[PDB]
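Just below is one structure, and these are the notes that go with it.
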There are 2 protein chains.
Amino acid sequence: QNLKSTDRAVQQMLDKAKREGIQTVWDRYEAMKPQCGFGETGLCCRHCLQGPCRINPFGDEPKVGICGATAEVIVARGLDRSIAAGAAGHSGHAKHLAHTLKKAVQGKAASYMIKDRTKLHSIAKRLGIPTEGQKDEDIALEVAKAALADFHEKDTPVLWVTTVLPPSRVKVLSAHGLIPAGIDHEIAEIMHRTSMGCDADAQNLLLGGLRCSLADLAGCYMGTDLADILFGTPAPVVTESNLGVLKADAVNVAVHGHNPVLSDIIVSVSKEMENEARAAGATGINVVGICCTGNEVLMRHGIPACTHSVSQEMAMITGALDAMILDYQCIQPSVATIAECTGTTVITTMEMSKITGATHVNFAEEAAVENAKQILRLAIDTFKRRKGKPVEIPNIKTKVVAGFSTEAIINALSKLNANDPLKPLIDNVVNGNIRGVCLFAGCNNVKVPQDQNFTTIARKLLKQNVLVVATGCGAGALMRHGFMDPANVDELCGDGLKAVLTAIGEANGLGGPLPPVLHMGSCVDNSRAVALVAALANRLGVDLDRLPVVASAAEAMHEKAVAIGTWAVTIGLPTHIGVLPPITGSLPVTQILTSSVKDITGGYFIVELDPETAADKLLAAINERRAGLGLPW
Amino acid sequence: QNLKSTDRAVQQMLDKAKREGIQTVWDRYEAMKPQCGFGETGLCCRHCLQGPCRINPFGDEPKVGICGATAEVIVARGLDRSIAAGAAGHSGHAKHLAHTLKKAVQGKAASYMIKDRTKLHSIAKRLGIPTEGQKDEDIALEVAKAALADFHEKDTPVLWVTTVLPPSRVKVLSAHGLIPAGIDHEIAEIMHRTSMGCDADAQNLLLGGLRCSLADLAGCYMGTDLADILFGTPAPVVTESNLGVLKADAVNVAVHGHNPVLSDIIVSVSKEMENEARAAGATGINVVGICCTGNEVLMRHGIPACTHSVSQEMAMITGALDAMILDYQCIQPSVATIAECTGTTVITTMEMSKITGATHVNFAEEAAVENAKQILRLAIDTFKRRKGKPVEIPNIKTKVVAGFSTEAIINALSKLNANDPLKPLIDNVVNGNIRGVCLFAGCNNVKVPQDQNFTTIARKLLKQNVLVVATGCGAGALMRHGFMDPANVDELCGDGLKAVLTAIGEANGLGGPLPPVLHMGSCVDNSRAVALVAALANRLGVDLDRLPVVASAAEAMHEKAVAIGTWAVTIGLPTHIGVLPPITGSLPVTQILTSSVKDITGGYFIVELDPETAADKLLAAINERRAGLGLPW
Ligand code: SF4
Ligand code: SF4
Ligand code: FES
Ligand code: FES
């Protein structure tokens with residue numbers, strides 16, 4: 001089973017699924033082979049009813065689409081649609097939170113409130129919203145209106161782009177016409193320009209894609225900002241991960257999806273319902289996380305993470321998962337069918353994300369506590385039905401230190417230099433103790449043995465003294481393999497990095513180092529890494545494309561990951577992707593995305609499926625940046 | 001060549017292309033055969049990097065997508081994306097016109113102005129915008145702001161839906177949650193919900209698709225409204241169509257695309273440049289139309305239509321097309337390559353729609369006259385280079401009477417009943433002289449011999465006394481085969497329909513009938529048919545799903561046509577489509593779209609590729625509606 005997942009708990013559940021005849025994501029992948037090479041290379045178009053059009057990568061006809069669309073146009077249009085779809089997800093998440101904040105401060109949703117008043121005021125100041133003499137509720141109402149205004153054209157550009165990057169970077173992007181005019185405006189313009197008989201120049205198409213990726217960035221940053229106002233900015237926390245966090249004698253409730261607007265409430269209400277669970281014969285309610293909603297409550301409340309991404313079905317296979325509470329994004333719809341075999345109650349909560357055969361509970365912010373209790377009572381009912389039945393929870397878990405928001409990272413650094421907190425980090429970049437920074441982001445993908453690229457690359461970078469930060473299911477992969485346990489610093493980290501992690505941790509009263517990898521949160525919280533990198537650029541007086549900072553979507557799957565990778569390139573980072581995106585059918589598109597975009601934004605994609613080779617390429621990118629700053633490497 | 005096109009001028013140019021070795025859309029189609037059956041049936045998904053996933057329609061594995069997405073989810077997600085892409089095009093067109101009107105009334109674009117002040121005031125009244133005591137420029141500024149506001153969420157729903165359909169229809173749609181909250185909001189929500197791991201219930205997905213189709217309707221209606229304010233509401237006009245409208249001794253300039261914001265200016269400026277053209281050895285500038293921008297200037301100014309849709313390359317093959325001036329949508333990008341052989345200067349004008357190898361002229365409303373003169377001077381240069389060369393313009397054209405805006409139709413009817421203009425039409429529906437109404441809409445499609453479905457269906461309906469109206473390239477197909485020439489009324493029309501067309505025409509001072517088919521304009525001007533049908537419903541006191549009105553996208557191609565067909569169903573019409581949409585791989589989706597949606601909106605799709613059978617099915621739908629109103633049939 002090691003060829004499917006490198007996670008030993010997942011392997012154990014794959015054996016259980018096999019002997020019980022439960023079909024998994026890996027079985028469905030095997031049944032798909034061999035996959036279509038036209039789609040894999042990007043040489044397929046279905047944008048009108050004259051299609052499908054395909055193009056043979058080499059040889060004889062077909063060589064061009066029916067309407068005349070070339071291989072490079074077809075490849076660029078498909079890629080742009082993926083970017084727009086990703087932007088639509090991250091910004092739909094952000095839009096929902098903006099409406100939640102507006103309802104809260106207008107007295108329409110008493111379960112929600114301004115929890116981080118400091119963050120509220122800093123965001124207002126960053127946006128140019130006056131705070132002196134204003135009530136918090138009025139400032140927040142203005143912030144929520146500004147968030148909603150960024151979805152459409154107005155007299156200013158998207159402020160969740162222009163106010164979050166340094167003026168020099170905004171100037172570069174503006175010169176190329178890349179600043180978004182409105183988030184949903186850009187998504188719609190992509191769908192228009194890529195429709196039949198519209199944009200048919202690969203460079204023009206890809207420039208539109210870069211601009212739409214910045215609309216995705218704006219949605220990510222807005223989502224983090226609003227979630228922090230509503231639910232609190234993360235600070236360091238200690239918890240656990242992997243399937244062993246499930247407890248046979250408790251009501252096990254997974255929160256799964258991305259938007260934690262209800263799942264933050266689930267966490268608090270579940271505490272109130274201890275006694276009701278105890279009356280049912282359970283020790284209590286054990287809330288666990290899956291995917292990014294799990295990251296959100298891990299970051300803010302220390303909720304343990306049960307599993308992530310490709311292996312999500314395995315939590316159900318234990319037999320102990322009483323409920324899976326779903327919002328949207330990255331939920332395999334197979335869960336609704338597997339639930340018939342495993343007994344789990346799968347519950348959807350968002351109007352636009354339902355799954356046939358799953359129970360739906362309308363969630364409304366105005367009734368959030370009431371909805372939570374109804375949902376948790378279904379979970380309690382499910383626990384009762386399995387009283388007495390054996391379960392198979394693998395006794396496998398790791399320790400996870402997390403909660404490294406950018407505010408938390410700055411505060412940790414400020415223990416070494418109170419009035420200039422970024423300086424200790426820059427000092428160690430300059431002296432070589434920190435070679436550079438790598439952000440791991442994105443998903444697992446069934447084509448890659450689960451976690452193998454994240455861990456193989458992370459190990460090589462850590463040995464070379466790279467400061468590694470992680471979000472999303474990249475953070476999930478690293479946490480499940482021990483990369484967030486400070487006890488593994490000695491094994492994993494080069495001497496210089498160990499010295500820095502130890503110096504920071506000792507100054508924070510820990511008696512021990514920071515963990516080998518800093519967990520910066522969910523997928524939208526890739527925006528936190530942007531905030532840190534922008535602050536470093538501002539402090540050094542250089543643009544982001546001069547910093548020794550790279551990104552790696554080492555096992556990417558979702559359209560959201562394509563959008564993130566593209567905005568990482570657009571803000572100026574060398575950006576690795578470890579699965580093939582559908583671009584290899586066009587050499588001109590590949591050349592733009594891996595080479596000539598350097599001349600536009602300073603960033604570029606590094607496509608590399610072999611993880612040892614990818615780590616070498618990422619280190620070369622970091623070291624090239626070091627050389628450009630005159631640093632040793 | 002008759003198997004490729006039923007248009008004799010197109011056949012002549014296909015022979016010329018063949019002997020000159022110029023590859024056409026039909027050659028590129030032949031080179032694509034056999035096409036992929038997974039894509040044709042809808043059983044392919046590329047929404048994440050685990051794909052492509054396909055599903056065998058019958059037999060053995062694969063049976064389900066890798067993530068667990070069923071055939072019905074995959075089919076519904078793909079369809080929803082097509083609807084959103086169509087909505088993005090029609091509403092991008094409308095958004096551009098809203099910005100043009102705003103610039104005009106703020107003194108920023110002197111080439112544009114309020115030409116239809118009556119239409120402006122009626123729209124303002126329909127929207128609830130006060131007009132008493134207000135300057136026209138202020139009313140128009142308010143209308144343009146309202147148009148822009150409908151793209152995003154606000155305290156009202158999309159007013160270009162709720163103010164254009166009768167309250168009873170709005171109530172039905174509201175009860176099912178189908179009223180759009182904002183145009184670009186719905187497009188983004190579709191892209192979100194159809195991304196991996198999000199909506200996975202076919203009924204829920206398709207209801208979202210119906211709502212997004214109404215965002216498309218709003219964009220169509222807004223585009224017609226704003227184009228009428230800026231450029232004038234159409235009134236009846238007489239002109240010609242087909243390749244014989246090109247003139248060997250003139251500078252022939254085609255306007256091609258959809259948004260006539262510059263091409264209306266091209267028409268006026270070309271008149272000013274007669275003498276400059278005459279100095280070059282030409283008789284003048286002969287502006288001709290292709291596709292919907294051609295329809296726009298045909299409707300408003302009588303500009304002759306040269307060709308449409310699938311046969312657009314053939315205008316270039318004549319050797320006489322000096323320039324092709326492009327905005328966006330439905331332009332085969334092959335034109336940029338064919339131009340090397342034919343000498344035509346292909347010019348793009350919109351930032352988001354460029355074609356490699358075509359000259360780009362930045363158009364800006366603020367410089368519209370200056371841009372037009374630069375473009376027309378390139379055309380004049382091109383004419384000079386072909387002085388002396390023979391050309392092959394087929395001597396084939398038809399007479400076209402057009403300009404039937406809904407205002408024009410009401411005014412024509414008012415000559416029979418001044419104070420109750422709809423009553424003469426209803427009278428003849430009730431007595432059987434008019435059996436019903438059919439709207440022909442949409443594109444040609446290379447899979448169908450060009451125009452064969454439109455003409456075969458139209459002939460059968462006209463013989464059965466159906467009032468036939470047409471837009472877009474459906475109007476193009478019918479005009480090129482004589483269906484807009486009143487001289488063909490005797491041959492084509494049943495006795496009852498002939499009596500009505502004759503009575504209306506005689507009362508309008510014509511001495512002869514209205515044409516066999518009423519040309520209601522461009523693709524966005526499908527909204528004019530909605531306005532007429534809604535007015536009829538309001539006058540009869542019934543909802544639209546009780547009227548004997550149907551639609552036929554008989555040769556559909558573009559994502560825009562999928563969106564139009566879907567909103568035709570959503571507002572309550574039986575809606576034929578004559579090419580296979582990618583739904584046959586899912587019986588449950590097909591059943592929803594062809595059967596159970598009747599219980600939701602009262603409309604339904606009729607999928608039928610054989611045109612004689614399609615006409616029988618459309619007549620059965622009309623006659624079922626007649627029976628429900630207690631009428632003979
Ligand atoms: S848009 Fe062009 S390439 Fe795509 S399916 Fe239609 S004809 Fe084929
Ligand atoms: S979304 Fe599901 S069905 Fe579509 S490509 Fe990804 S795994 Fe396959
Ligand atoms: S031919 Fe397989 S993805 Fe289209
Ligand atoms: S397998 Fe051919 S369209 Fe995807």
Side-chain angles (χ1 to χ4, degrees), chain A residues 68, chain B residues 1 4-5 7-27 240-256 266 269-271 273-291 294 303-308 311-326 331-348 355-361 372-397 480:
Chain B
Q1 298 295 6
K4 294 176 177 158
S5 177
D7 180 324
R8 284 177 38 251
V10 172
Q11 295 169 10
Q12 183 169 339
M13 287 301 90
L14 287 165
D15 290 334
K16 182 166 189 295
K18 162 151 190 143
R19 82 184 170 257
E20 297 182 350
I22 300 168
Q23 190 185 51
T24 77
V25 65
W26 285 277
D27 303 323
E240 295 181 315
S241 78
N242 213 344
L243 299 183
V245 308
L246 298 159
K247 282 172 344 180
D249 46 28
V251 184
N252 302 281
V253 175
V255 295
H256 183 12
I266 291 294
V269 177
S270 71
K271 293 161 162 206
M273 290 183 72
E274 178 155 53
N275 284 341
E276 195 170 322
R278 263 257 181 231
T283 53
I285 304 176
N286 183 46
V287 180
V288 302
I290 300 176
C291 279
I303 294 294
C306 165
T307 197
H308 302 91
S311 58
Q312 63 187 261
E313 304 163 312
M314 297 306 104
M316 312 183 72
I317 304 291
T318 69
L321 190 63
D322 299 304
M324 181 179 269
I325 308 174
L326 304 178
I331 298 144
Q332 288 177 34
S334 65
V335 298
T337 297
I338 291 170
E340 322 173 2
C341 321
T342 69
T344 310
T345 301
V346 175
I347 301 161
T348 55
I355 312 172
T356 307
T359 302
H360 188 74
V361 169
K373 299 191 168 155
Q374 169 177 23
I375 291 171
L376 288 165
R377 288 170 173 131
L378 296 170
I380 293 162
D381 294 347
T382 303
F383 172 84
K384 294 184 181 154
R385 298 201 281 281
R386 77 165 167 94
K387 254 185 144 189
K389 283 176 179 165
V391 300
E392 194 184 333
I393 297 166
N395 187 37
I396 296 169
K397 52 194 191 170
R480 287 182 287 92

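Every chain is numbered from 1, with letters handed out A, B, ... down the list of sequences.
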For [X] against [Y], the heavy-atom pair lying closest together:
X: B:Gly343; Y: B:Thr382; answer: O-CG2, 3.2 Å
X: B:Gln312; Y: B:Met324; answer: O-CE, 4.3 Å
X: B:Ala315; Y: B:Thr307; answer: CB-CG2, 4.3 Å
X: B:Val346; Y: B:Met316; answer: CG2-CE, 4.0 Å
X: B:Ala254; Y: B:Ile290; answer: CB-CD1, 3.7 Å
X: B:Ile331; Y: B:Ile355; answer: CG2-CD1, 4.1 Å

Can you tell me if [X] uses its side chain to pair, donor with acceptor, with the backbone of [Y] under 3.5 Å?
X: B:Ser311; Y: B:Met314; answer: no
X: B:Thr318; Y: B:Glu392; answer: no
X: B:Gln11; Y: B:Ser5; answer: yes
X: B:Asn242; Y: B:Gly244; answer: no

Item to check | Enclosure of B:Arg8 CZ (heavy-atom neighbours >12, cutoff 6.0 Å) | outcome: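 For B:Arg8, atom CZ is not crowded (no more than 12 foreign heavy atoms under 6.0 Å).
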Item to check | Residues, nucleotides or ligands: over 12 heavy atoms within 6.0 Å of B:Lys373 NZ | outcome: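 Not more than 12 within 6.0 Å, no.
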Calculate, to the nearest 0.5 Å, the distance between atoms [atom1] and [atom2] belonging to [X] and [Y] respectively.
X: B:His256; Y: B:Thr348; atom1: NE2; atom2: OG1; result: 12.5 Å
X: B:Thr24; Y: B:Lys4; atom1: OG1; atom2: NZ; result: 5.5 Å
X: B:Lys271; Y: B:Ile285; atom1: NZ; atom2: CD1; result: 12.0 Å
X: B:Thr345; Y: B:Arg377; atom1: OG1; atom2: CZ; result: 15.5 Å
X: B:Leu321; Y: B:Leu243; atom1: CG; atom2: CG; result: 10.0 Å
X: B:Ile338; Y: B:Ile317; atom1: CD1; atom2: CD1; result: 5.5 Å

Item to check | Heavy-atom side-chain contact between B:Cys341 and B:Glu20 under 4.5 Å | outcome: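 Heavy-atom side-chain distance check fails, nothing below 4.5 Å.
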Item to check | Side-chain touch B:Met273/B:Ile380, heavy atoms, less than 4.5 angstrom | outcome: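 A side-chain contact exists here, since the closest heavy-atom pair is under 4.5 Å.
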Checklist entry - What's the verdict on side-chain contact (heavy atoms from CB on, under 4.5 Å) for B:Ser334 and B:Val25, showing C-alpha distance, side-chain angles and the deciding distance? => result CA-CA 8 Å; B:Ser334 65; B:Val25 65; over 6 Å; no
Checklist entry - What pairs meet the side chain to side chain donor-acceptor pair (under 3.5 Å) rule with one or both residues in residues 278-287 of chain B, with sequence neighbours excluded? => result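 Side chain to side chain donor-acceptor pair (under 3.5 Å) check on residues 278-287 of chain B returns B:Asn252-B:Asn286.
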Next on the checklist: Using side-chain contact (heavy atoms from CB on, under 4.5 Å), reason through B:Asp322 and B:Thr344 one step at a time and then give a plain yes or no.
Outcome noted: CA-CA 5 Å; B:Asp322 299 304; B:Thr344 310; over 6 Å; no
Next on the checklist: Under the criterion side-chain contact (heavy atoms from CB on, under 4.5 Å), I'd like the reasoning laid out for B:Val253 against B:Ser270: C-alpha separation, chi angles, the key distance, then a yes or no.
Outcome noted: CA-CA 9 Å; B:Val253 175; B:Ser270 71; over 6 Å; no
Next on the checklist: Set out, in order, the CA-CA distance, both residues' side-chain angles and the distance that settles side-chain contact (heavy atoms from CB on, under 4.5 Å) for B:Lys18 and B:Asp15, then state yes or no.
Outcome noted: CA-CA 5 Å; B:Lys18 162 151 190 143; B:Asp15 290 334; 5.6 Å; no
